[PDB]
Each structure stands twice: as structure tokens, then as C-alpha cells.
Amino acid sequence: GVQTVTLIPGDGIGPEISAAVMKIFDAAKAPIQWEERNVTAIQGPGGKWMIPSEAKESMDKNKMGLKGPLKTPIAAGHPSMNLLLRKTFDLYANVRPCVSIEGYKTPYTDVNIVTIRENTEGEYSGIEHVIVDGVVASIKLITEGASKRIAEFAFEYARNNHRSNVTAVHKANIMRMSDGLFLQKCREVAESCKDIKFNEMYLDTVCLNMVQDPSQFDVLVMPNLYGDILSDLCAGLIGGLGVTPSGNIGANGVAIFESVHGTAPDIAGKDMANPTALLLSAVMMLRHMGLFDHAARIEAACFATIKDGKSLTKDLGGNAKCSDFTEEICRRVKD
């Protein structure tokens, strides 16, 4: 039947582009119902910030969320938005598929890379110690359960999206014990998935090769800090964060698909925002739900809308508005 997805439009241009996805999704006859929610943290008992309950309950029920850019909170004790969500839903895999867009020129044209970043430990452990004045130790945390879990999803991802190879990216030569254990758990899963080709590379090698020739790469899986970086690198190869979809897969079947770009408060209200990023994230969501045929159409009908280039938005090297860009996609998703 038709499934309900929790919609989190966010702030600034978020509403405008969430509206745009809702209309594009409607033209596709896509069996999708929206349930708006607001994730802005509130002060819970003792002042400990939290996601609102209706936000949590609705995600735990519908499982799928579509979430736009969020404002940066100003209170100092206030924890990171990404951190709150990650901990509230156990979002353990961050997924960034980067694909060269036919009509948007960059120095790279043959790019098709999916970076799967472990999203819960590594150097982002949140553990630091002031050892003595002027000397700080930041604890990087690697565990076998988390490294096994992330490697199992990369192979899950490659199987479900017909992906040829998976590369584990690491620095086991420098961090022998921690990155070695990550690379070890990758290897062990790699043997129970012999139908996906697997290999290892060093992070520094991957960055020098990434920029000489990105075609040589496919699905990549690495520890946290390395993914936070490589994913932005790879997004830099296809045109920035405005054309870059993002997924966060979590516990209990929960996945939240988001735009990684900012609120753009100066162009809010104006018909100037670009929805490509959030829309492409919505087709990430569709494929995640198994609505491959619907996703393929909305995807193929936005690539087309950019290829002919008649009406890009301000950022994409064009002069048109959010209405026209949206309307072209609606028209073409009907044939």
C-alpha cells in the first residue's frame, strides 16, 4: 500500500524545498504520505536537551524520515544536532552517493562513488583529557562490534544497489591496533560476501588517487573521521553540497535522509532555493524503501531537467526560480 514518511522540513530554505519534494513526489504518483515533525531540541528534565517525543515516536513508527537543513543552535551547552539525532536513533552508518551530473560541469565527469562512513566512534568519541596544562589527549575509539556492523552495511548496500566492489579505506600502517582491528573486521565480513569484490587501500593513497581519477572507485567504507572527510572531498568532485544526497541508517530499521547543505537564510522566502539535494535524498529514500521504479523516474526526470539546462537555479549557474525548476521536474516525471 502507501507508506507514511516523517517529514522534517527544518529551517531557512528547508520548508521551500520540502514543499518542492512533496509536489514532485505527487506528480510521480508515488505512494508516499508525509507527517511533518520538528526536531529542534527542547530542554528536558534538568535542562538535558532532547528530540521532542512526537519526533521520536513518529520516526520509530514510520521508520523513514526526510529531513532538511537545520539551524545551528546558539546556546553553548547545547549539543550538536547531528549528535543528538545519531544518539537518539543509533544512526550508525552515514551514506553519501556521489554521481557526476550530466548537465552540471566540473573538472570530473566519470564519478560514481558511495562513501559509507562509520558514524558512532573513532576520533569522534567525545572523549578528551587535559593531561597537563598545554597537553591534550583525544581518545580515538575503535571497537569490533561497530567495525563489523559498518562493514555488514557496506555489503548490504552494494548488494541492494547492484554495486560491483567495496573498498575498505584505512591507516592501519599508522594506527596498527585501532585501524587494524577495523580493517580486520572488514576482512572477516568480506569473506562471507565473496559475491562482492573487496579490497583495501590507505587513506592517503585514496585521496591522491581520488583526485587524479575518481572512476577507479566504487563503494567505500572507513572509520568516522576518514568518512566525514572523504565524503566532502567526493561531494567536491560533483558540484558541492547543493547537489549531494545523504542518508543516515540506524537501529530498528530507522533511516533519515537529509540535505547536507545549510539553511541559506538570506534566500529564504524568495523563490531562489535549489531542491536538488533534498530531492535526490528522497530518491535515496525511495530505493531504500524498495520503490525502485518510482525512484528511477524522479531521478531520471531531474537529471533531464538539469541536462537541458533551460532553467537552473541561482546556485547551479542559471537564472530561473524554485517554481520553474520544480515545475519542469513535475512535467517530465509524467511521461
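Numbering starts at 1 and follows the sequence shown.
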Checklist entry - Given the B-factors recorded for C-alpha atoms, which segment has the greater mean, 316 to 324 or 18 to 26? => result 316 to 324
Checklist entry - With respect to the recorded C-alpha B factors, which stretch has the higher mean value, 64 to 72 or 46 to 54? => result 46 to 54
Checklist entry - Among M59, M285, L278, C302, which carries the highest Cα B-factor? => result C302
Checklist outcome for this item: Tertile call for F89 (CA temperature factor, within chain, third-based) is the middle
Checklist entry - If you rank the chain by CA B-factor, which third does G122 end up in: lowest, middle or highest? => result lowest
Item to check | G253 - which third its CA temperature factor falls in, relative to the rest of the chain | outcome: lowest
Checklist outcome for this item: The third of the chain into which the C-alpha temperature factor of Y104 falls is the highest
Item to check | For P223, the third of its chain into which the C-alpha B factor falls | outcome: lowest
